[PDB]
$ cat start.txt   # compact mmCIF, C-alpha atoms and all ligand atoms
# COMPACT_ATOMS: atom_id res chain seq x y z
CA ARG A 23 4.85 6.32 23.46
CA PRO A 24 5.46 3.76 22.23
CA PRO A 25 6.35 5.51 18.92
CA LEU A 26 4.93 4.53 15.54
CA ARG A 27 7.09 3.94 12.48
CA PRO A 28 6.45 6.67 9.88
CA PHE A 29 4.90 5.44 6.61
CA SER A 30 3.55 6.36 3.18
CA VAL A 31 0.36 5.33 1.42
CA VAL A 32 0.21 3.98 -2.13
CA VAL A 33 -3.26 3.80 -3.65
CA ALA A 34 -5.22 3.90 -6.91
CA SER A 35 -8.67 5.49 -6.67
CA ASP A 36 -11.22 7.25 -8.89
CA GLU A 37 -12.93 10.62 -8.37
CA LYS A 38 -15.49 9.04 -6.03
CA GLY A 39 -12.62 7.69 -3.95
CA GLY A 40 -13.40 4.20 -5.20
CA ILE A 41 -10.59 1.65 -4.90
CA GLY A 42 -12.36 -1.69 -5.20
CA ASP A 43 -15.49 -3.85 -5.32
CA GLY A 44 -14.72 -5.58 -2.03
CA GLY A 45 -12.77 -8.42 -3.59
CA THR A 46 -10.64 -6.89 -6.36
CA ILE A 47 -9.73 -3.72 -8.25
CA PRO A 48 -12.24 -3.25 -11.11
CA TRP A 49 -9.98 -1.52 -13.66
CA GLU A 50 -6.88 -2.78 -15.48
CA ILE A 51 -4.01 -0.29 -15.66
CA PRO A 52 -0.70 -2.08 -16.35
CA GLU A 53 1.22 1.19 -16.06
CA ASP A 54 -0.05 1.54 -12.47
CA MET A 55 0.90 -2.05 -11.73
CA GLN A 56 4.46 -1.42 -12.90
CA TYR A 57 4.67 1.89 -11.02
CA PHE A 58 3.36 0.32 -7.83
CA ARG A 59 6.00 -2.39 -8.09
CA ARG A 60 8.90 0.03 -8.55
CA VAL A 61 7.73 2.58 -5.97
CA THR A 62 7.29 0.01 -3.20
CA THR A 63 10.33 -2.06 -4.20
CA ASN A 64 12.97 0.65 -4.83
CA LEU A 65 15.55 1.43 -2.16
CA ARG A 66 17.40 4.69 -1.54
CA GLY A 67 20.78 5.49 -3.10
CA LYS A 68 22.71 3.96 -5.98
CA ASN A 69 22.65 0.23 -6.73
CA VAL A 70 21.06 -1.00 -3.51
CA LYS A 71 19.36 -4.36 -4.15
CA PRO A 72 16.51 -5.37 -1.82
CA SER A 73 17.37 -8.13 0.66
CA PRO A 74 16.34 -9.32 4.14
CA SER A 75 19.02 -7.00 5.57
CA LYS A 76 17.36 -3.99 3.93
CA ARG A 77 14.15 -3.68 1.95
CA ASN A 78 10.81 -1.93 2.10
CA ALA A 79 7.68 -3.26 3.75
CA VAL A 80 4.16 -3.27 2.37
CA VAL A 81 1.39 -3.37 4.98
CA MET A 82 -2.00 -4.69 3.89
CA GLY A 83 -5.26 -6.03 5.28
CA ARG A 84 -5.90 -9.78 5.00
CA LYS A 85 -8.52 -9.26 2.30
CA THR A 86 -6.00 -7.38 0.17
CA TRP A 87 -3.50 -10.20 0.60
CA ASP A 88 -6.23 -12.58 -0.56
CA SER A 89 -6.97 -10.33 -3.54
CA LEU A 90 -3.38 -10.89 -4.59
CA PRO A 91 -3.33 -13.46 -7.40
CA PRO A 92 -1.66 -16.53 -5.75
CA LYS A 93 1.17 -16.30 -8.28
CA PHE A 94 2.11 -12.88 -6.89
CA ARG A 95 2.04 -13.89 -3.22
CA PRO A 96 3.97 -12.57 -1.57
CA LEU A 97 4.91 -9.28 -3.22
CA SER A 98 8.54 -9.94 -4.22
CA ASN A 99 11.55 -8.11 -2.78
CA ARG A 100 9.43 -6.59 -0.01
CA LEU A 101 8.55 -7.67 3.51
CA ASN A 102 4.82 -8.45 3.37
CA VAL A 103 2.99 -7.52 6.57
CA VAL A 104 -0.58 -8.84 6.69
CA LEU A 105 -3.08 -7.61 9.25
CA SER A 106 -5.54 -10.26 10.41
CA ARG A 107 -7.50 -11.00 13.59
CA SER A 108 -7.03 -14.73 13.03
CA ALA A 109 -4.87 -15.77 10.06
CA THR A 110 -1.43 -16.92 11.16
CA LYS A 111 1.81 -16.62 9.19
CA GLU A 112 1.71 -20.33 8.37
CA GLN A 113 -1.86 -20.02 7.13
CA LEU A 114 -0.84 -17.12 4.90
CA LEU A 115 2.07 -19.14 3.51
CA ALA A 116 -0.24 -22.11 2.84
CA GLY A 117 -1.98 -20.00 0.20
CA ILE A 118 1.17 -19.87 -1.92
CA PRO A 119 0.68 -22.72 -4.46
CA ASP A 120 4.32 -23.14 -5.60
CA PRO A 121 5.84 -25.18 -2.70
CA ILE A 122 9.44 -24.14 -3.40
CA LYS A 123 8.52 -20.47 -3.58
CA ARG A 124 6.47 -20.98 -0.39
CA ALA A 125 9.58 -22.30 1.37
CA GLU A 126 11.39 -19.15 0.33
CA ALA A 127 8.52 -16.85 1.26
CA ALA A 128 8.79 -17.89 4.92
CA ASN A 129 11.13 -14.97 5.59
CA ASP A 130 9.11 -12.48 3.52
CA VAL A 131 5.74 -12.69 5.24
CA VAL A 132 4.71 -11.51 8.70
CA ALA A 133 1.23 -11.83 10.18
CA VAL A 134 0.07 -9.11 12.57
CA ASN A 135 -2.89 -9.86 14.81
CA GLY A 136 -3.87 -6.21 14.99
CA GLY A 137 -4.30 -3.08 12.90
CA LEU A 138 -2.01 -0.64 11.14
CA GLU A 139 -1.08 0.89 14.49
CA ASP A 140 0.18 -2.47 15.73
CA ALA A 141 2.17 -2.91 12.54
CA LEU A 142 3.71 0.56 12.92
CA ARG A 143 4.72 -0.08 16.55
CA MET A 144 6.29 -3.38 15.49
CA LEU A 145 8.14 -1.85 12.53
CA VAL A 146 9.95 0.47 14.95
CA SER A 147 11.67 -2.46 16.68
CA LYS A 148 15.47 -2.57 16.69
CA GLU A 149 15.17 -5.39 14.15
CA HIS A 150 13.10 -3.40 11.62
CA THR A 151 14.37 0.20 11.87
CA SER A 152 17.54 -0.95 10.12
CA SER A 153 16.22 -3.76 7.92
CA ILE A 154 13.14 -1.83 6.73
CA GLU A 155 13.83 1.40 4.85
CA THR A 156 10.33 2.59 3.97
CA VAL A 157 6.93 1.37 5.16
CA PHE A 158 4.16 1.52 2.54
CA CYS A 159 0.48 1.08 3.48
CA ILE A 160 -1.09 -0.52 0.43
CA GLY A 161 -4.69 -1.12 1.54
CA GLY A 162 -7.35 -1.92 1.69
CA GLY A 163 -10.30 0.25 2.66
CA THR A 164 -10.20 -0.60 6.35
CA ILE A 165 -6.45 -0.10 6.57
CA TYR A 166 -6.55 3.20 4.69
CA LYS A 167 -9.15 4.49 7.18
CA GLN A 168 -6.80 3.65 10.05
CA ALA A 169 -4.00 5.36 8.12
CA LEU A 170 -5.99 8.58 7.79
CA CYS A 171 -6.91 9.04 11.46
CA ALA A 172 -5.12 9.34 14.81
CA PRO A 173 -2.75 8.06 15.87
CA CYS A 174 -1.48 6.73 12.52
CA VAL A 175 -2.16 9.83 10.42
CA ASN A 176 0.31 11.65 12.69
CA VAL A 177 3.25 9.73 11.21
CA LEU A 178 1.90 9.67 7.63
CA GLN A 179 4.57 11.18 5.40
CA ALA A 180 3.03 10.96 1.95
CA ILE A 181 0.33 9.53 -0.27
CA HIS A 182 1.28 8.23 -3.70
CA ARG A 183 -2.10 8.21 -5.38
CA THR A 184 -2.90 7.05 -8.86
CA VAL A 185 -5.93 9.06 -9.99
CA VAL A 186 -8.28 7.03 -12.18
CA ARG A 187 -10.88 8.37 -14.64
CA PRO A 188 -13.63 7.95 -15.46
CA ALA A 189 -15.24 6.86 -12.18
CA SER A 190 -15.88 3.13 -11.87
CA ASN A 191 -19.39 1.70 -11.57
CA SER A 192 -18.20 -1.27 -9.49
CA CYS A 193 -16.58 0.34 -6.44
CA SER A 194 -18.07 -0.15 -2.98
CA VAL A 195 -14.81 0.26 -1.02
CA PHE A 196 -13.19 3.69 -0.78
CA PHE A 197 -10.19 5.81 0.20
CA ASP A 198 -11.64 8.95 1.83
CA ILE A 199 -9.27 11.93 1.75
CA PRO A 200 -10.02 15.65 2.23
CA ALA A 201 -10.40 17.56 -1.03
CA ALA A 202 -7.87 20.29 -1.84
CA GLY A 203 -8.27 23.27 0.46
CA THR A 204 -10.10 21.32 3.15
CA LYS A 205 -9.01 20.03 6.55
CA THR A 206 -10.67 16.99 8.13
CA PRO A 207 -12.38 17.26 11.56
CA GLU A 208 -9.32 15.59 13.09
CA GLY A 209 -7.05 18.10 11.39
CA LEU A 210 -5.58 16.54 8.27
CA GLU A 211 -5.08 18.70 5.20
CA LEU A 212 -3.24 17.36 2.18
CA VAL A 213 -1.16 19.33 -0.30
CA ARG A 214 -0.25 18.24 -3.82
CA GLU A 215 3.52 18.10 -4.14
CA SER A 216 3.33 16.87 -7.74
CA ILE A 217 1.19 15.17 -10.37
CA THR A 218 1.91 13.84 -13.85
CA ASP A 219 -0.17 14.97 -16.80
CA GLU A 220 -3.12 12.68 -17.61
CA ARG A 221 -2.25 9.58 -19.65
CA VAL A 222 -4.29 6.84 -21.36
CA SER A 223 -3.70 3.24 -20.29
CA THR A 224 -3.05 0.45 -22.77
CA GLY A 225 -5.20 -1.80 -20.60
CA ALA A 226 -8.83 -2.66 -21.34
CA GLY A 227 -11.08 0.40 -21.37
CA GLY A 228 -8.15 2.76 -21.74
CA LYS A 229 -8.64 4.34 -18.33
CA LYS A 230 -7.04 7.78 -17.99
CA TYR A 231 -4.64 8.13 -15.08
CA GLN A 232 -2.32 10.48 -13.23
CA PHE A 233 0.41 9.74 -10.71
CA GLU A 234 0.00 12.23 -7.88
CA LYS A 235 1.95 12.69 -4.68
CA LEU A 236 0.36 14.29 -1.63
CA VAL A 237 1.92 15.25 1.70
CA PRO A 238 0.25 16.37 4.94
CA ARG A 239 0.33 20.13 5.36
CA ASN A 240 2.87 21.37 7.91
CA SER A 241 2.20 25.07 8.53
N1 LIG A 301 -7.26 0.71 -5.40
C1 LIG A 301 -6.35 0.41 -4.48
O1 LIG A 301 -5.28 1.05 -4.42
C2 LIG A 301 -6.61 -0.74 -3.49
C3 LIG A 301 -7.81 -1.45 -3.56
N2 LIG A 301 -8.03 -2.58 -2.57
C4 LIG A 301 -9.36 -3.27 -2.72
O2 LIG A 301 -10.22 -2.97 -1.57
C5 LIG A 301 -10.95 -4.16 -1.18
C6 LIG A 301 -10.51 -4.74 0.21
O3 LIG A 301 -10.71 -3.63 1.17
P1 LIG A 301 -11.30 -4.11 2.59
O4 LIG A 301 -12.62 -4.77 2.41
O5 LIG A 301 -11.48 -2.92 3.43
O6 LIG A 301 -10.31 -5.17 3.26
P2 LIG A 301 -8.87 -4.91 3.89
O7 LIG A 301 -7.85 -5.12 2.86
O8 LIG A 301 -8.72 -3.57 4.45
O9 LIG A 301 -8.69 -5.98 5.02
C7 LIG A 301 -9.64 -5.90 6.12
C8 LIG A 301 -9.19 -7.05 7.03
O10 LIG A 301 -7.86 -6.89 7.55
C9 LIG A 301 -7.73 -7.18 8.94
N3 LIG A 301 -7.86 -6.01 9.80
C10 LIG A 301 -8.25 -4.71 9.60
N4 LIG A 301 -8.19 -4.00 10.78
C11 LIG A 301 -7.76 -4.87 11.71
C12 LIG A 301 -7.50 -4.76 13.05
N5 LIG A 301 -7.68 -3.59 13.70
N6 LIG A 301 -7.07 -5.85 13.72
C13 LIG A 301 -6.86 -7.07 13.15
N7 LIG A 301 -7.10 -7.21 11.84
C14 LIG A 301 -7.55 -6.12 11.11
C15 LIG A 301 -8.90 -8.14 9.15
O11 LIG A 301 -8.86 -9.37 8.38
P3 LIG A 301 -9.35 -10.70 9.07
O12 LIG A 301 -10.69 -10.96 8.43
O13 LIG A 301 -8.49 -11.87 8.62
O14 LIG A 301 -9.58 -10.64 10.56
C16 LIG A 301 -9.99 -7.46 8.30
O15 LIG A 301 -11.11 -8.26 7.82
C17 LIG A 301 -10.79 -5.12 -2.37
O16 LIG A 301 -11.86 -4.75 -3.29
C18 LIG A 301 -9.41 -4.77 -2.97
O17 LIG A 301 -9.31 -5.08 -4.37
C19 LIG A 301 -7.02 -2.95 -1.55
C20 LIG A 301 -5.85 -2.26 -1.48
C21 LIG A 301 -5.60 -1.12 -2.44
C1 LIG A 302 -1.08 -2.31 -8.82
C2 LIG A 302 -2.29 -1.91 -7.99
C3 LIG A 302 -2.12 -0.83 -6.96
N1 LIG A 302 -1.86 0.45 -7.41
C4 LIG A 302 -1.69 1.49 -6.50
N2 LIG A 302 -1.43 2.76 -7.01
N3 LIG A 302 -1.77 1.32 -5.11
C5 LIG A 302 -2.03 0.06 -4.56
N4 LIG A 302 -2.11 -0.09 -3.22
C6 LIG A 302 -2.23 -1.16 -5.45
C7 LIG A 302 -2.48 -2.51 -4.97
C8 LIG A 302 -3.78 -3.04 -4.65
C9 LIG A 302 -3.96 -4.40 -4.19
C10 LIG A 302 -2.78 -5.28 -4.04
CL1 LIG A 302 -3.11 -6.81 -3.52
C11 LIG A 302 -1.46 -4.81 -4.34
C12 LIG A 302 -1.32 -3.45 -4.80
$ encode --input "start.txt" --output "structure tokens"
Amino acid sequence: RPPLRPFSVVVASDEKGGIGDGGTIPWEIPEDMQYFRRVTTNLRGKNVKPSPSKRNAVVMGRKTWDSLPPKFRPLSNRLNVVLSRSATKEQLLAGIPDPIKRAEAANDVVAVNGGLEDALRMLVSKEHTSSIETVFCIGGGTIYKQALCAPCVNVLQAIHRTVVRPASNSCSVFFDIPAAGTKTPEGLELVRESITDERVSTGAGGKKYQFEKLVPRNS
């Protein structure tokens, strides 16, 4: 009251909950990159192609948007919602180097002067409940923290986590989630719905990874 649009988290973290060094993701796992793209891009049902009339949204902090290599700004086929206390939509667009692509990106980027909560209230609007199918929170550290506590955590439907091993020695930013069998002080307990068997990445270092899905426990 007002309600918050339900959402899912997509993240890649190691055993220490490390997700980044403050500016970028330390490891290179191309299989996770591809999976992230498909998971956040894919729409429900058969043969539904993303468009302004219906697509998914990815919500991220301004630093995560900046971490995006300019050539991938904005994330294609998805509404990009950037949280920033100052950066305007125009200022976000100005960071897109290809001027033609920038002209096209005008309808794919939205700047929110607020946190995840503000984004979730906005994504409930008559204009987004129909045009936005699924809302994915994609980072970073500060946004994940907001995602895991009230009032956001209350509408959290799932966490698509890519488990990375071995632990990185460059992570200073984390994704703090209660271990299996534990419930956070606020009351959040996560249950593993599924997890792939460990696989070795073709990227540098050959990091081992698993695609795991977690959902809040609903006794
Ligand atoms: N492994 C993974 O899956 C992921 C890793 N990352 C990594 O994490 C790091 C970035 O994390 P982090 O430092 O926490 O930065 P964030 O991505 O979380 O962005 C923080 C910023 O977002 C905006 N913001 C956050 N809360 C609010 C609010 N309540 N109101 C208005 N604006 C808000 C502000 O930007 P502003 O300064 O403009 O005001 C703030 O500085 C990088 O190392 C990146 O590579 C990021 C996503 C996923
Ligand atoms: C492909 C990396 C990746 N993998 C997973 N599992 N989750 C994420 N949230 C991201 C990610 C991090 C930063 C940006 Cl800028 C875009 C996406």
$ residues_around --input "start.txt" --residues "residue 80 in chain A" --least-positions-apart "5" --cutoff "9 Å" --atoms "only C-alpha atoms" --output "mmCIF file with C-alpha atoms, in the coordinates of the input"
data_model
loop_
_atom_site.group_PDB
_atom_site.id
_atom_site.type_symbol
_atom_site.label_atom_id
_atom_site.label_comp_id
_atom_site.auth_asym_id
_atom_site.auth_seq_id
_atom_site.Cartn_x
_atom_site.Cartn_y
_atom_site.Cartn_z
ATOM 1 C CA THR A 62 7.290 0.010 -3.200
ATOM 2 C CA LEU A 97 4.910 -9.280 -3.220
ATOM 3 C CA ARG A 100 9.430 -6.590 -0.010
ATOM 4 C CA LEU A 101 8.550 -7.670 3.510
ATOM 5 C CA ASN A 102 4.820 -8.450 3.370
ATOM 6 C CA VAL A 103 2.990 -7.520 6.570
ATOM 7 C CA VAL A 104 -0.580 -8.840 6.690
ATOM 8 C CA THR A 156 10.330 2.590 3.970
ATOM 9 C CA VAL A 157 6.930 1.370 5.160
ATOM 10 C CA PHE A 158 4.160 1.520 2.540
ATOM 11 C CA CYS A 159 0.480 1.080 3.480
ATOM 12 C CA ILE A 160 -1.090 -0.520 0.430
#
$ residues_around --input "start.txt" --residues "residue 99 in chain A" --least-positions-apart "4" --cutoff "12 Å" --atoms "all atoms listed in the file" --output "list in words"
residues 59, 60, 61, 62, 63, 64, 65, 70, 71, 72, 73, 74, 75, 76, 77, 78, 79, 80, 94, 95, 126, 127, 129, 130, 131 and 154 of chain A
$ atom_distance --input "start.txt" --atom1 "CA of residue 92 in chain A" --atom2 "CA of residue 124 in chain A"
10.7 Å
$ closest_residue --input "start.txt" --among "A:93, A:183, A:214, A:230" --to "ligand LIG 301 (chain A)" --atoms "only C-alpha atoms and all ligand atoms"
A:183
$ residues_near_ligand --input "start.txt" --ligand "ligand LIG 301 (chain A)" --cutoff "6 Å" --atoms "all atoms listed in the file" --output "PyMOL selection string"
chain A and resi 33-35+41-47+82-86+89+105-109+135-137+160-165+195
$ residues_around --input "start.txt" --residues "residue 228 in chain A" --least-positions-apart "6" --cutoff "9 Å" --atoms "only C-alpha atoms" --output "PyMOL selection string"
chain A and resi 50-51+222
$ axis_aligned_box --input "start.txt" --around "ligand LIG 302 (chain A)" --padding-each-side "4 Å" --output "lines of an AutoDock Vina configuration file"
center_x = -2.5
center_y = -2.0
center_z = -6.0
size_x = 10.9
size_y = 17.6
size_z = 13.6
$ atom_distance --input "start.txt" --atom1 "CA of residue 149 in chain A" --atom2 "CA of residue 125 in chain A"
21.9 Å
$ atom_distance --input "start.txt" --atom1 "CA of residue 90 in chain A" --atom2 "CA of residue 226 in chain A"
19.4 Å
$ closest_residue --input "start.txt" --among "A:38, A:66, A:235, A:205" --to "ligand LIG 302 (chain A)" --atoms "only C-alpha atoms and all ligand atoms"
A:235
$ closest_residue --input "start.txt" --among "A:31, A:202, A:193, A:55" --to "ligand LIG 302 (chain A)" --atoms "all atoms listed in the file"
A:55
$ closest_residue --input "start.txt" --among "A:122, A:237, A:32, A:213" --to "residue 58 in chain A" --atoms "all atoms listed in the file"
A:32
$ closest_residue --input "start.txt" --among "A:227, A:188, A:96, A:203" --to "residue 37 in chain A" --atoms "only C-alpha atoms"
A:188
